[PDB]
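Chains E, F, H, W, G, Z and D, in that order, are what the protein sequence lines are. At position 76 of the first sequence (counting the first as 1) the number is 76 in the UniProt record's numbering, and the numbers step up by one without a gap. Heads up: take any position in the second sequence, counting from 1, add 1, and you land on the UniProt record's numbering. Heads up: take any position in the third sequence, counting from 1, add 1, and you land on the UniProt record's numbering. Heads up: take any position in the fourth sequence, counting from 1, add 1, and you land on the UniProt record's numbering. At position 129 of the fifth sequence (counting the first as 1) the number is 129 in the UniProt record's numbering, and the numbers step up by one without a gap. Heads up: take any position in the sixth sequence, counting from 1, add 286, and you land on the UniProt record's numbering. Heads up: take any position in the seventh sequence, counting from 1, add 1, and you land on the UniProt record's numbering. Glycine included, C-beta positions come from ideal geometry on N, C-alpha and C.
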Amino acid sequence: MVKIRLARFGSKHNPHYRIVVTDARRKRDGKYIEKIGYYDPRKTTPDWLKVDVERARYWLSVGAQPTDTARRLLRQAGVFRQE
Amino acid sequence: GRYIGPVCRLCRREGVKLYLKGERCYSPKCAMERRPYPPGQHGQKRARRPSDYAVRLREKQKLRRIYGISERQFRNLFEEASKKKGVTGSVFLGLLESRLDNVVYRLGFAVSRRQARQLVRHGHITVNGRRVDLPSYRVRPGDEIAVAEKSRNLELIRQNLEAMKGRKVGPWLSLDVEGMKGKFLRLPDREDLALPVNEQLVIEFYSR
Amino acid sequence: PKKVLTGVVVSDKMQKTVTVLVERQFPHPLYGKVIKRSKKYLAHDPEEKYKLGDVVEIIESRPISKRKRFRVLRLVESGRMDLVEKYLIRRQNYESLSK
Amino acid sequence: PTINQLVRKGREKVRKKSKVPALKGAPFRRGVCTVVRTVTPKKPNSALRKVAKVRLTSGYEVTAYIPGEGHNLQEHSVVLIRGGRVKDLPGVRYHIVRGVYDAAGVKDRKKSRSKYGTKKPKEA
Amino acid sequence: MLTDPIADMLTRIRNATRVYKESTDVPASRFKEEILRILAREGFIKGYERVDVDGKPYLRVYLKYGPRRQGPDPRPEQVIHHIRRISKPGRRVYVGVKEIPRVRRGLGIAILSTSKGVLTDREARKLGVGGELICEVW
Amino acid sequence: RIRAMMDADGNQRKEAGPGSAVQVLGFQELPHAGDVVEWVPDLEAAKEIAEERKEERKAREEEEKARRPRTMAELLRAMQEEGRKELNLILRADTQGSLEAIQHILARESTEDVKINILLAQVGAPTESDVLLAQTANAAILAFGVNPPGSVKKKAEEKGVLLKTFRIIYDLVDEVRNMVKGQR
Amino acid sequence: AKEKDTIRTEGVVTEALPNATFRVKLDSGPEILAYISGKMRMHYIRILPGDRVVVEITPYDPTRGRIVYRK
RNA sequence: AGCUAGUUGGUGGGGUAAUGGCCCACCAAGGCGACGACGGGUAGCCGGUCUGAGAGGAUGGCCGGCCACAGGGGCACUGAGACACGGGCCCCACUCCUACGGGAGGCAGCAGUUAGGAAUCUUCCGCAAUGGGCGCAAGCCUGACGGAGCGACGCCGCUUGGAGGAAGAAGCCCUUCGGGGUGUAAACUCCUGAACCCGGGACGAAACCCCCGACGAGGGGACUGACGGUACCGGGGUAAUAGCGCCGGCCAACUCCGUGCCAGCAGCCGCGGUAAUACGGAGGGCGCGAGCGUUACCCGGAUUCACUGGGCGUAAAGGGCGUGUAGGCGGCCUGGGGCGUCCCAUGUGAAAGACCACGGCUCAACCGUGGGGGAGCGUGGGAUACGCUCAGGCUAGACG
Ligand SMILES: [Mg+2]
Ligand SMILES: [Zn+2]
């Protein structure tokens with residue numbers, strides 16, 4: 001299936017995560033469909049995490065089933081919140 | 002690693018004053034004045050005509066010594082300069098100057114470049130809040146260096162300040178002599194620095 | 002957009018099959034000069050409607066045989082057999098230089 | 002000549018001659034020294050030059066030069082081969098690297114020790 | 001067989017320049033004429049004209065020459081130092097807008113055959129259309 | 287570093303106290319028989335110790351070696367022109383505590399006109415390098431307790447070198463007694 | 002270091018051999034390949050098969066020596 | 001240099017998720033080839049990397065994709081998907097037991113063992129993060145991964161002090177005997193304080209979980225650390241590893257002793273046979289520096305395979321000539337078509353890199369964010385100068 005998931009890049013002890021859309025059976029670094037956002041765990045930057053919302057929503061609609069952490073991140077950003 | 006070891010010998014080798022001690026390297030003592038010739042035996046000998054390569058090499062060495070850096074680092078800096086657009090020589094020089102130690106030396110925080118570097122290493126030198134201990138720290142313009150909180154009451158620093166009390170600083174620099182502060186303002190151009198080095202020769206040497 | 006090609010019917014020696022010479026003029030990747038370079042394609046003709054010495058429009062298609070992956074779209078112009086003749090001559094020459 | 006000609010046949014790319022067959026372009030091949038002997042050099046040069054017929058891990062029976070002021074090499078000595086020619090000697094393309102296996106370091110070297118594999122002298 | 005006409009014309013021009021002859025006569029072509037016009041505009045030649053020698057249409061070319069150089073090797077100075085047919089037949093070079101040459105860094109000129117007509121390097125750049133790099137002229 | 291310890295019963299042991307025979311895996315080189323095993327705080331220290339030991343031993347060995355071809359004018363000549371021909375042999379045993387024994391046994395068995403020579407004596411399996419060495423030297427490969435690897439054995443067979451495999455020391459000794467010959 | 006471990010033995014020249022070298026039958030033993038001294042070459046001392054010359058043998062290989070003394 | 005016999009096409013059927021010579025029956029006799037087939041060798045391929053002014057040239061390590069193989073070969077089964085790395089069956093090869101009838105195996109997973117070999121790590125800790133799978137869930141599993149260990153194997157960062165301080169100690173070295181060199185180097189004064197010890201001490205980890213809200217959005221709660229008591233901060237606190245190459249020209253840097261075409265060096269010219277700026281040492285220098293040199297390969301220089309940008313009277317090089325096939329190439333004008341060619345637009349050209357900008361790790365490497373570029377390739381439109389093609393004419397080529 002298709003998942004919204006976090007791809008580790010970066011350095012040892014300096015992790016960086018790509019909030020990304022990809023197939024379930026892939027390398028956690030692998031050929032992903034689209035880069036929707038990015039997240040730094042270490043909170044080192046002011047704009048530490050950011051995801052484009054509309055694209056994410058579209059993906060969800062299509063049926064992109066997110067990872068739990070990813071979902072949390074999305075919620076934090078303001079994707080799942082509706083009015 | 003540093004050069005480490007005998008200093009004014011290098012100056013002697015070039016034949017132009019290199020100011021690698023500050024004082025004494027100012028007085029009749031740098032060995033430029035007492036003896037002006039290259040070191041070791043055949044220094045006082047007949048000076049033979051040097052090859053085109055050789056002169057350039059000498060110039061490069063002079064430069065490196067003046068800035069007190071490892072060759073690899075120097076090479077890297079040069080490469081970076083080349084990559085950046087402008088005047089590959091002047092820009093390179095500016096970049097070199099931007100080395101924290103050099104800046105410190107200029108601001109009269111320490112009377113010698115090696116001394117300045119040492120000071121920087123031993124947490125005595127602070128760049129906008131944090132004590133920075135690596136002289137390879139490159140400073141981008143409009144930025145503040147200061148003698149550290151807990152190093153403000155040490156004798157050497159005071160002496161340095163006194164020495165630089167009265168005598169003025171470079172146009173790219175400003176220093177607060179009261180509170181041991183020093184802003185690096187402009188990025189230092191070649192015209193500002195009346196250095197004995199010719200950058201062109203260095204560039205040529207590097208080329209091939 | 003299926004690959005649509007221009008070429009001449011060089012051989013009708015088999016049932017339902019037309020052999021088509023497609024001549025492509027591409028420049029050399031290094032020397033910058035155009036090489037008039039040919040390739041043979043075996044095309045499906047369900048009627049034998051097409052004949053020796055016809056220039057036709059050949060479409061990339063779903064396969065009908067092992068290297069017969071082309072449908073014949075339409076006939077462009079019929080009777081410029083000169084090219085065919087040239088090809089034949091070339092073929093004949095190919096026989097010569099064996100032993 | 003003409004570009005057309007080139008197109009037709011192409012420039013025959015230079016098959017660069019492999020100057021040393023220590024196999025694979027291996028930097029160092031270990032060899033068993035078959036027979037160590039001395040050699041008369043060439044027309045412009047004269048010396049009893051020290052050499053060893055060494056057989057290899059590859060299966061190659063070669064001649065190999067011994068640098069150093071007097072060898073230590075036996076008759077079934079374990080050696081490591083440098084390669085890099087000698088302009089004097091016929092059939093000989095290999096240095097023997099001194100300071101390994103059974104070729105011990107040159108005694109009483111103090112300047113160019115690295116090439117000949119002798120350890121730092123203990124100063125007084 | 002005269003195998004390239006443009007190239008031949010160029011060669012003739014070069015020969016004329018070498019020899020210090022004021023005017024030469026090259027066979028008639030529209031393309032050739034255009035090229036000549038371009039050259040004239042640039043200033044590389046003094047002028048051009050079409051005439052008829054025998055019963056064949058022909059193109060007279062007025063060669064421009066520099067002032068007499070005083071002293072050793074007393075020849076006048078050359079205006080067309082060098083010409084080259086770049087787009088040689090069966091080699092035929094074509095350039096895009098990005099690959100337009102600034103030959104002699106703005107001093108020498110290339111002439112380009114283009115969709116928008118036969119035209120100069122500068123003109124090509126302005127118009128933003130690549131084409132056939134027929135001839136290098138300096 | 288200790289990888290595995292296994293008693294004589296055939297059981298895996300994670301912990302072994304004072305006085306138990308353990309099959310200790312984890313030594314980078316095969317240590318000598320009756321070698322005193324010692325504990326170290328870290329690895330670097332151990333390495334340093336090893337280096338020091340090597341320095342102590344190796345230098346001395348070198349020195350010992352060096353006082354042998356003293357005179358090269360006449361003595362060397364005497365030593366190069368050999369009257370009684372020597373037989374070369376290269377041994378490979380199963381343990382350190384058998385190879386030595388074998389050597390001791392065969393050092394006596396040398397009174398004959400043909401004098402036996404040991405060029406390479408190590409514990410373990412024969413290989414193609416060994417075969418190569420034999421070819422170079424005209425030497426025999428003898429094995430006690432260790433069977434030859436298949437490839438190695440094949441190589442030995444085809445190249446034409448003496449390959450030997452044994453069950454008892456006595457057998458080996460007997461075999462050796464045939465190698466001096468007589469011609470007449 | 003410079004190792005003078007060389008045999009300086011007498012020999013009669015026997016065979017006219019290659020590369021400024023003469024097979025000389027030794028009184029220490031065999032006929033070897035022993036080549037001329039550079040000094041001799043410089044002086045242009047011509048040698049015939051039948052001179053009682055001194056040979057400098059190096060013990061590493063007794064194959065090659067050196068014709069040192071003038072006859 | 002010819003290759004082909006399911007081989008090339010057909011009709012019918014089988015088989016497939018599906019086309020197809022994938023397979024079979026039958027008819028036909030084709031198909032490919034010098035625009036290089038078939039054969040041999042070689043080789044995973046690329047995104048890239050290294051080099052290079054560029055064009056190119058070499059390489060495909062790590063990282064990313066795709067393929068292929070899981071001792072060798074063959075073949076199916078089950079399923080969404082395998083012809084199935086830690087499933088199956090079978091033959092062979094090999095190792096392992098056997099009560100000789102038979103079974104067990106497969107590290108090209110991590111670690112490790114050997115063996116080859118110049119040479120390559122730890123039988124490490126952890127599910128904490130991310131991801132995987134299963135599960136309502138907790139949670140279980142995870143040699144993916146996160147980290148730690150070893151190796152100067154790369155690359156980067158810092159230390160081996162700094163400031164004084166002789167018209168110049170000793171030591172050593174040369175000298176023309178005055179002197180010079182090492183060298184402000186040292187010693188010695190002053191100052192700082194890696195190491196080191198204490199005191200604390202992380203970011204990374206906020207969720208899934210529970211409760212309120214409808215099990216939605218939303219609100220609060222709590223737990224959860226291999227790295228690691230590490231990084232890092234606060235206090236103290238020692239002056240605290242310098243080595244290697246070379247020093248005749250290239251090529252930076254020179255003297256003396258010893259040696260005597262010997263011993264040696266050498267990458268090339270070549271140095272060495274009694275005053276060697278080329279050998280051994282010593283001083284002195286110079287290059288770099290926790291490294292430096294040697295070796296091996298690759299590119300460069302090498303415009304020594306030349307497209308950009310080489311030539312062929314005598315250097316290596318014009319075939320011995322003729323006719324002629326492919327092929328390549330082509331006069332002038334007018335008109336179309338628009339294949340090349342150019343252009344505009346768009347789509348692609350993934351990410352990582354490379355480039356620019358800023359930002360994080362005290363700098364830098366490293367990484368992150370954003371941006372631009374990017375040959376090529378498709379699609380749509382346009383342009384017709386120049387090739388290409390069609391049509392018409394011309395007379396300078398050529399032929400009669
Ligand atoms: Mg001697
Ligand atoms: Zn000074």
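In DSSP terms, what residue i is bridged to
| i | result |
| --- | --- |
| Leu34 of chain D | D:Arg65 |
| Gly131 of chain G | G:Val95 |
| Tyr42 of chain H | H:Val21 |
| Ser79 of chain H | H:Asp55 |
Reference residue i, options the options, closest by Cα
| i | options | result |
| --- | --- | --- |
| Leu362 of chain Z | D:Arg71, D:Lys5 and D:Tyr61 | D:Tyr61 |
| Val112 of chain F | F:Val17, F:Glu150, F:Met165 and F:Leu186 | F:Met165 |
| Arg57 of chain E | E:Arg28, E:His16 and E:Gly37 | E:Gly37 |
| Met181 of chain F | F:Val128, F:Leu202, F:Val198 and F:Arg187 | F:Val128 |
| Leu6 of chain E | E:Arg26, E:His13 and E:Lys12 | E:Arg26 |
| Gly8 of chain H | H:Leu22, H:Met15, H:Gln16 and H:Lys14 | H:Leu22 |
| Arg53 of chain D | D:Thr59, D:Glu32 and D:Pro63 | D:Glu32 |
| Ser78 of chain W | W:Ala65, W:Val63, W:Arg56 and W:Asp103 | W:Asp103 |
| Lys22 of chain F | F:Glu163, F:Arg47, F:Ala117 and F:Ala195 | F:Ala117 |
| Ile83 of chain G | G:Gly128, G:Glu123 and G:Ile111 | G:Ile111 |
| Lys88 of chain G | H:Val19, H:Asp83 and H:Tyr32 | H:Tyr32 |
Interface flag, residue i vs chain W, CB-CB below 9 Å
| i | result |
| --- | --- |
| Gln389 of chain Z | no |
| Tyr32 of chain H | yes |
| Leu405 of chain Z | yes |
| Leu316 of chain Z | no |
| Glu16 of chain D | no |
| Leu375 of chain Z | no |
| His45 of chain H | no |
Residue i at chain D interface by Cβ criterion, 9 Å
| i | result |
| --- | --- |
| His72 of chain W | yes |
| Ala359 of chain Z | yes |
| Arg363 of chain Z | yes |
| residue 126 of chain W | Outside the modelled stretch of chain W, which goes from 2 to 125, sits residue 126 of chain W, for which no answer is possible. |
Ligand 3 heavy atom lying under 8 Å from the CB of residue i
| i | result |
| --- | --- |
| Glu57 of chain D | Ligand 3 is absent from the structure shown, which contains only ligand 1 and ligand 2. |
Short CB-CB distance (under 9 Å) between residue i and chain Z
| i | result |
| --- | --- |
| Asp6 of chain D | yes |
For the structure I just gave you, are there three or more beta carbon pairs, one from the region 7 to 25 of chain G and one from the region 76 to 90 of chain G, closer than 8 Å? yes
For the structure I just gave you, are there three or more beta carbon pairs, one from the region 64 to 73 of chain G and one from the region 120 to 138 of chain G, closer than 8 Å? no
With three or more C-beta pairs closer than 8 Å as the rule, is the region 25 to 38 of chain D touching the region 11 to 28 of chain W? no
Check whether the region 90 to 102 of chain F and the region 190 to 199 of chain F touch, using three or more Cβ-Cβ pairs below 8 Å as the test. yes
Evaluate contact between the region 322 to 337 of chain Z and the region 437 to 444 of chain Z, counting only Cβ atoms and requiring at least three cross-stretch pairs below 8 Å. no
Does the region 33 to 41 of chain H touch the region 51 to 58 of chain H, meaning 3 or more C-beta pairs lie closer than 8 Å? no
The region 42 to 60 of chain G touching the region 116 to 123 of chain W, judged by at least three CB pairs closer than 8 Å: no
If you pair each beta-carbon of the region 6 to 15 of chain F with each one of the region 34 to 46 of chain F, do three or more pairs fall below 8 Å? yes
Spell out a yes or no on whether the region 379 to 393 of chain Z and the region 348 to 358 of chain Z are touching, meaning 3 or more CB-CB pairs, one atom from each, closer than 8 Å. no
Pairs of beta-carbons, one from the region 53 to 70 of chain F and one from the region 152 to 171 of chain F, closer than 8 Å: are there three or more? no
I'd like the ranges of any beta strand (DSSP E) spanning at least 3 consecutive residues and lying wholly in the region 138 to 200 of chain F. 144 to 148, 174 to 177 and 182 to 185
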